[PDB]
Structures are given as C-alpha cells and as structure tokens.
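I have a structure here, written as structure tokens, and I will follow up with some questions on it.
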Amino acid sequence: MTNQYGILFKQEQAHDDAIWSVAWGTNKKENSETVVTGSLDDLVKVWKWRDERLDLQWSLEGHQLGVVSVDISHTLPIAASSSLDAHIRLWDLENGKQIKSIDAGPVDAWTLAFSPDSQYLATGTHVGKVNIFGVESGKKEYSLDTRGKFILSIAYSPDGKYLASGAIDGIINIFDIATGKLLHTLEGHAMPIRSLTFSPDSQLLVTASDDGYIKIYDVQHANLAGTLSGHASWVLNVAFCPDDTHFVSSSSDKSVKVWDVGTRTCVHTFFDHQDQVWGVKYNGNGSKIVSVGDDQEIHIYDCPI
Amino acid sequence: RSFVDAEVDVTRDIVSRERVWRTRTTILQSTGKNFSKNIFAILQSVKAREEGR
Amino acid sequence: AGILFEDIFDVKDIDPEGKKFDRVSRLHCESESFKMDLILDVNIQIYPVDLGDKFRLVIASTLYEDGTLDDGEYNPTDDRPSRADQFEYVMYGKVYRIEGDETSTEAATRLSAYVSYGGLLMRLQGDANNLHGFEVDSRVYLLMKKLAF
Amino acid sequence: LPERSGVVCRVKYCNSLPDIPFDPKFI
Amino acid sequence: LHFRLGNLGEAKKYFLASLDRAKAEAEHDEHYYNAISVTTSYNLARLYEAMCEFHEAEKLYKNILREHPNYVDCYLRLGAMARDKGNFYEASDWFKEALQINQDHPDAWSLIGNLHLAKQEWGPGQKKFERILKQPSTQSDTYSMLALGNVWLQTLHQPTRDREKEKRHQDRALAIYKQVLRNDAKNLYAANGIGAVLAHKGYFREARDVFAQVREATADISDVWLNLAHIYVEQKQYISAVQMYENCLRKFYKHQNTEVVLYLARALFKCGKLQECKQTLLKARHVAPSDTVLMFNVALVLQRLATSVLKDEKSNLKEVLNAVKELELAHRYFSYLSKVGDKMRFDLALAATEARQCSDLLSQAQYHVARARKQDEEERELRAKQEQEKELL
C-alpha cells in the first residue's frame, strides 16, 4: 500500500485501435479481479488482474463496428457490451462464450449499464429514450422517455432506486426505477454529457461534459452541490470510489484526475497517457484505478486507502 | 450608478500603467513577411482570366 | 510537376557532435507538416544558417516547371524558366540508398532516403507514403530557401 | 449518367479569426 | 513572461510573490500599490484560467468588480468563461455589462459579434461589427473588416442555386479581403481569406499559391492547414492531404473535431483506403452519434468494402461472410436514413438508391457465400493431401 498515487502497470498496444470503455469486476467465488475492455478493433478483451499484472483470458469476437460500452455484473460472472452496430451482447466470463445477442435496431443502442440486481440492462437511444432489456429474457421489457435528444450516458444508483441519463444537449434526467416516473430534469451542462455516475451511497450524482467541468448533484433534493474545474478539454468519463469520498475523471487532455468530494480539490493528476483517455474505473475495494485511451494502452494506478 | 461612476478616475489611473503587446490588430499580423505584392499579382492573373484576356 | 517532396523544416541542431569541417556543417532538422527527420550537410560558408532557422526544402527531380527532365550536364546559358529563380540554395546529387523498417511479413512503415550531393550527404527519414518518388540511383535537386517568416 | 456516389462531405474553405487576446498585462 | 512561455507553475509563484510584495509596499504608497494589486490580480485570474481552475478565476474577477467596477476587462473574461461553458446567454449579458461601462469598447462589441456569428446569427453579428467600423477611431479596424468578409465567405459554403448571387457574394468577400490587405500588408487572415475565395471560385492553383505563402508566414493558423489539405485533395495528392489532416488534428484540437475527422475520412476514401476510412468514420461517429451524415458515410464505406470482397473471387469464406453482414448493416442504415436522414445536408433519394443497390448486391452475395464455401473446402482437401504426403516421405 503506497501513501502516494502512482502508476503500477502498463499494457502497451492492448488493442489494435482506440479503447473506448473499461469495466472492473470482482469474481466473488475466487476473490479474483477481472477487467473488461471494449475497443474499435471490434474485440471485447477480458483480463485477469493477478500479481500486479493483467493476464489476457478471452478475446470475444462478435461486434462489427467497435465496442462503445462494456459493463460487468456485480453479482454474476456475466459481462455486457454494446457496439456502434447497435447490437448488445452478453458474455459468460467463466466460459468466455456469448450467452445472448440482443438486436436493438439501427439507432436504439448506446452506452450500457447493468442494474444493481443484474436483472435488467439499460441503454441510451437516439430518440431520447432509455431502453431496458431483461438479462434473462433477452428482450426489451420497458422504456423510459425523456422526450429530449440522444442519450449519451446512463447510470444506475448502487442502491437500485434511481436511473440517471445524460443527453447530447447537456440535459440530465433522473428516473424512479420503482415507478418508472421521471423525477428530475436538470439544466445540467450546456454541452454533451458523455458520462455520469452515482456515489456508492447513492446520495451524489457526478456528471462529466464536453465543457470541461464536472458537476455534483444532491440526488435526494436534486440541488447542484458543487462544480469542479481543472481539465483542459472534454471530460470523457467519471467513476466513484467505493469509499464514497473520492472519484476519478478522465479527459481528452490526456490526463486522469482524482478528486476529493468533500474538499472539491484535485488530489492527484496522472499524465502517462499519450492520447485521449476514454475510460476510468476503480476496483471493487477502491485501492486501484484502471484507465484506457486512444493510445491503445491500459494503465493501472495504485491508490492510498 | 452614482457609486460606480465616482470610481472611474481610479481605473483610469490603473490602465495608464498597464502595457499590452498582443491586441486585436497585432494578433492578425505576420512576424515579418508582406503578402500584398505577391497576392495582388495573383489576383491580377485571375482577373485577366475572368475578363477572358 | 516532378516535385518528389516538399516541406517546411526548422533547424533543431547544428553539427551536434561538433564541427568536423569548416565550410560544411550538419543540420539536424525536423519538418512541421509531414513530420520528417532530416540530416543535411550544407556549405555553411556560402549559405550560412543558424539554429532555429526555418527553411523551405523542395527535393525536385528537375528544375524546369514544365517537368521536361534534364540530362545532367552543366550549361548556364538557358532562357527556360527554372525553379532556381525562386530558391536561394540549390544542390544536386544522387539518391544512393533507401532504407526502411522492412520485414519479411510486411513492407516498411518508415523510409530513410539517402542523397549525396557530390559528397555532401543528406538523409530524409519519414514515413513510406511521402518518399515515393525516391528511387535508388536517380538524380535529385535540393532547392531550399530560408524563410523570411 | 448516374454520378458515382461519393462521401457526403461539403468542403469548406475557412478563415476563422482568432479569439481576442486577453494576455497578462505588463506594468 | 513565464505565462507567455506556458510556464504556468512559475507564473503562479511570480504573480503571488508580486501580490504579497504589493501588500507589503502598500504601507508606503497605498494608492499606487493598490493599482498594481489590481493589475496583478487580473493577471493571476488569467493564470487560473490557463490552469483551468476557473472557479478561482471567476472568484478573483468578481472581487476585482467589487473594488473597481469600471475595470472592463474583468467583465469580458467572465463573459468569455460563460461562452466557453456554452452558456452564450449569460456570456452576452456579461459583454453587455462591459458595454454599459464603455459604450465604444471595440473588444466588447467584437466578442458580442463573435457570439452571434458562432450562433450563425449573421444579421445581428454583422450589425455588431458595423457598429465598430462606424466610429472614427476604428473606421479602419482590420478585425471588424475581416469579420464582415467572413460573413460573406460563410454564405459560399451553402449550395447556392443562383450562380449570379454566388458570384456577387464571392466578389464582396474578395473586395473586403483585398481592402484589408491594402490597409495591412502583413495581415495573415486577409491573405487566407483571399485564398479561400479563390479556392471556392475553383482557381485551385492560385489558391494553393496564396495558402502556401500564408503557411510560410505562420505555422499556428489551423484553417491554413485545412485549406492546404483541401487543395491537396482537389489536386488528387491524397497521400499528402491525409498527413496534413492527421497532423492538424494532433496539433490544434485537444478533442476530435468531427468536421476535420470527416475531411480525413473523405481523403482516405478518395485514396481507396476504405479500411482506414471506416475506422476514421467510426471514430467521428463515436463523438457525434446523432449525425446522420456520419451514419450515411459509414453505411457507404461498409457497402464499398462488401462490394470489394464480393467482387474479388480471391476472398475466402470468413471474409465473404463478414462482407455479407456488413452489406446487411449498409442496407439497414440506408433504409433508416431514407426515412430520417437530414434533407438539408443530403438527398434522401441517394440513400434510397443505395438501399436498393445493397439489396441487389445481397442477392449476388448469397451466391458468393456458396462459392466461398466450395473454395475453402477445396483448400481443406489440398491441406489434407499435403499432410498425408508428409507422412509418405
């Protein structure tokens, strides 16, 4: 355990082209950690984190226009992936085989997120609707309508009560999962919101936009809690630490910044990337951060606990 | 506002001491090359073609 | 045409290892648009260049703008329009070697074209799409001019 | 004769002026 | 000076040290050292902006406005930050405050003009720049004249059916740029504007000569690199153009500019590099997935790739099966675009034509799948023969 932030591992040329999304999951049976990556090279790669190194387990072929988003179930050894080809695929992480393929339609699949109970898989659409697909049924079960523009980002609250969506026109919508009712519509950003995530306690909602600012909203009262600034370009992804006090952000400025929610100050900045950093995620205990970018490299940073 | 208008002399004092080298005019200029002679010759050639000469 | 290559270079280092000759010095330049590496020996006496100088380099296959392909003999008396009129320094020499990251499995991504200007050497190292007119054992002109900016 | 369908892209020759320079002021 | 060099870390130290010293020196001449404290506080705010610590920058500018409400430059930066946040409404309000303080200030009028031009509100924007040229002290202001010239230039990017109107607009833009270049022989943007009009008039050789001179004079104008790359495409020098678009993207944009990426894709397409074109268009679509033009171009590149794989009998079964799937994607996108595509950017009849052509090719593609299966099985037989002959030896 280092009392300072630093780069621990580097996988160069992990994919043949830009890496657009990354997910970190913990296999509770073995207490072993798994990292899933999606790239423009059409492959979803599953890596096992062991002895401070990433070992390639599976190269999952099936997408045809690059993988825009990937997610890992918090309870089951199942990962989900979406592509620009608008197809959503479910993968078995133990066998490395495709479980089911959901054809969303030419414009009905974008960013992907599993429900905390892993019963449902939500995705953004071009028509401003969030489609929810049943993981077991493999069919579209219901749809939440924002009546806005293209939904670029979505996230489930870890407690399973709220579903947030960020549109290309910068508007943020928060839906009640139990009633399916639209709870709050926030002015959000004036520019596209590429990623948003709820805190582990589900009390705060963090949003990242092309305007380069990160905003923190109180989920219970829907009030703007604070605004963070420091990236020199678009903020591409944000992920909360399981400790509820820190979250990590990535930007087109090639840097990854760690922010303290209480002090609202930048705690550390990583500059190891050579190009845009499209994805960042904390491990299941918050001690390590994974990042991916257009430079085709996967970086893992060690963090003080 | 009467309290705003009373303090303009102070700001005029500050601005008299400030010096700015990059302005709306100099931001548009080349460090040393003059284009007028070369470009007007090019435009003369084009003009000759438009007039069919 | 016959312009085998052309770009804006800025001098990053003069004879880095120290000056080996008096009237000749190495220029370790890098280009700006095609991102090329360049090692060039210039007669630093007739055509003095300083560090940080920017020059337009135009390696040409011939000096006639109509591309009528010279025959390599020297004759100064000629009324034909020539590229040398708008250039300050002009050399002449053969390409004597072309070298890339060739592999048994795929062609080179990068090429280094070597040129000898009657003894003064040059090496234009870039990527394998710019250096296409270059072919070993063929005459080329260097046609460079310092930029008044 | 049906013109072979090219990439749908309007070429625009731009002349965008730079933002106004608010450089730090010398005293 | 450190700020001008980009040494923001050193600049922070020097501006803070300057403020701390002025705070100490105020005991001797409070009025003067307070004036220094204002200029240094503004510089520090600009430094925080450069460090992107915009919350502290906004806080400092508001403090300056508490003490010196006539200090116009604080309002302009607050407006600029609001503009960069994409909040153009608030930005217009901050610039209006600046004008309520100094009604003839040329930079405030220009910033408002740029807001209107950024919104493509050509009428209001033009009025804002003409308001600058009407004052005697700025009647020859080159920035305003260039802005008006650009207003006329921007009409040329629209496909205009009236050739006389197009010519009249071209001549207005060129007349303005000529006048600016007559007043200021060193003006980079007047020269580039002339080059742009010449290129639009189709005089690509002359336009090349103009842009080449502008690039010789400065390496830092992004539009000069784009204009040169466009000419290289029109002169069929695709290999050079692709390189200029890639280097332009790496040097001037901290994010992927979708218009430039589309120009790169166009050059790669004309270059026949369909695989690189596909990947480039997907990169653009990942940034702007709602843009139907990017979707159309992807569908077109997919159709071309499938057409190529299916046309050449050398293609194996894995390749042909991928081509069939890509051609069905192409047909699916063209069928969608024929219904929802942007009528102002491209003709829906084009998409309907490609949709039909995809179905026509798909019929022949299924036959090619059988052909590929046969060819692959023949290779399997040859490989088995090779293995048994190895056992014979």
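The first chain written gets the first letter, and so on, giving A, B, C, D and E; residue counts start at 1 in each chain.
Here is the rule we go by: a contact is a pair of C-beta atoms (placed from the backbone, for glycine too) under 8 Å apart; a residue touches a chain by one contact, two chains touch by 3 or more.
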Minimal step count in the chain contact network, chain A to chain E: 1
Set of chains whose contacts include both chain B and chain A: E
Pair of chains joined by more contacts [C-beta pairs], C-E or D-E: D-E
Euclidean distance of C-alpha centroids - chain C vs chain D, Å: 32
Cα-centroid distance, chain B relative to chain E, in whole angstrom: 24
Separation of mean Cα positions, chain D and chain B [Å, integer]: 20
Residues of chain D engaged with two or more neighbouring chains: 17-18, 20, 23, 25, 27
Of all residues in chain A, the ones touching two or more other chains: none
Sequence positions of chain B contacting 2 or more other chains: 17-18, 24, 28, 30-33
Topology of the chain contact graph, where touching chains are joined (line, ring, star, complete, other): other
Touching pairs - complete list by chain label: A-E, B-C, B-D, B-E, C-E, D-E
Chain E - residues contacting chain C, complex: 215-219, 225, 239-240, 242-244, 247
Footprint of chain E on chain B - complex, ascending: 4, 7-8, 10-11, 13-14, 17-18, 24-25, 28-40, 42-43, 45-46, 49
Partner chain C, residues of chain B touching it in the complex: 30-33
Contact set on chain E toward chain B in their complex: 31, 35-36, 38-39, 68-71, 106-107, 110, 141-143, 146, 174, 178, 181-182, 184-191, 194, 198, 201, 203, 206, 209-210, 213-214, 216-218
Chain E residues within the chain D interface of the complex: 3-4, 11, 36, 39-40, 42-43, 46-47, 73, 76-77, 80, 107, 110-111, 114, 143, 146-147, 149-150, 153, 156-157, 159, 189, 192-193, 195-197, 199-200, 207, 221-223, 226-227, 230, 233-234, 259, 262-263, 265-266, 269-270, 277, 293, 296-297, 300, 345-346, 350, 353-354
